[PDB]
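Below, in structure tokens: the form solved without ligand 2HQ, a single chain.
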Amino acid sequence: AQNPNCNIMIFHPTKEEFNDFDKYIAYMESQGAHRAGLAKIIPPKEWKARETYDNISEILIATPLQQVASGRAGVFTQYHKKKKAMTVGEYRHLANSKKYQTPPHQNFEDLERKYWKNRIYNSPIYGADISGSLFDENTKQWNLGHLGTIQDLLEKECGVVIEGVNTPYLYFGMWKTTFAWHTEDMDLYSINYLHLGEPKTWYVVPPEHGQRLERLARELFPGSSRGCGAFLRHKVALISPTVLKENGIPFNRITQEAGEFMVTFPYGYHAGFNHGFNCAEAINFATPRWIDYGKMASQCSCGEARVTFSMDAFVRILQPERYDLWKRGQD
């Protein structure tokens, strides 16, 4: 078996290899990339997402989210407090202010140390889940707004036509902005392009070991666990690499820089943080191998987890028994 230690693999496709998205994902998996839960793809030197990022300051962040932590330095939850709208230009200025700017540091490792030591004592503001794209319409390869849809994949594989659409989302981050431990909706893949700015550090648990992380989370967040059988779907829980090591949870880490893609694989739990002002674009996607994961995906039915409209059809077709209880939850 390829990649038995479940290491994060890094790929450097040629421009010829970059022409067929589906084929390249399949190639990565033939090399065992999915076993890690996460892969990095560095695009060919000839490729570009767009010409420049010069005129993005007028994008609106309608609902910036202040990420307020509770708990201990290595085991905490965060909740999102809504703030007044601001443009990307205003947000960038805020990110760079004395209150919010990245502190002096020696290297990525030093910054990582500072993040886990001090994250809980600050409340950075994140511009997350903004529908839109920064890919030039003329960028034909790996354009996250031009991927085959999950609905079309499910139709190709299962012969059923369903309603729904899926489109990309933009994320504007600053120092300490955090993504909590989670897998994707329906345990889909995700792909994430860092368009500009400072890096993003990722942590990931191999899909074959996801239940180990779930068991630890139930122990560390006992009230949350009693409230919901799939509370990680709420996307609020953080556990540090030190705490993971102390509890024998297998995981890896890698830092993504501007101009690089990351792919998360079905049922690959991931979490992370931004180093400073940045902008990423991400979208979910599927392949034939996803279908079996979609059929088995846990669901939140306590009401907390947000459902896109399109998730309805996925649950209805792949999980008809659960459909009753789940739909009562989102209503």
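Here the rigid core means the biggest group of C-alpha atoms that line up within 1.5 Å when the two forms are laid on top of each other. Sequential numbering from 1, following the sequence displayed. Only residues modelled in both forms are compared.
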| property | result |
| --- | --- |
| Residue range whose averaged C-alpha B-factor is higher in the record, 82-90 or 199-207 | 82-90 |
| Higher-scoring stretch by recorded Cα B factor average, 269-277 or 52-60 | 52-60 |
| Deposited CA B-factor, highest of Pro241, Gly223, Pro124, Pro250 | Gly223 |
| Selection by C-alpha B-factor (highest) of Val307, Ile25, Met9, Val315 | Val307 |
| Third assignment of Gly148 from its chain's C-alpha B-factors | highest |
| Modelled-residue ranking by C-alpha temperature factor, third containing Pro104 | highest |
| Ranked against its chain, the third holding the CA B-factor of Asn284 | lowest |
| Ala33 by Cα B-factor - lowest, middle or highest third of the modelled chain | lowest |
| Chain-relative CA temperature factor third for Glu246 | middle |
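Just so it is clear, the following notes concern the form solved in complex with ligand 2HQ, a form of the same protein that is not shown.
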| query | finding |
| --- | --- |
| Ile41 within 4.5 Å of ligand 2HQ in the entry with it bound, heavy atoms | no |
| Sequence-ordered residues of 66-103 touching ligand 2HQ in the entry with it bound, heavy atom within 4.5 Å | none |
| Rigid-core superposition between this form and the one not shown, with residue runs of at least 3 whose C-alphas all shift by 2 Å or more | 324-328 |
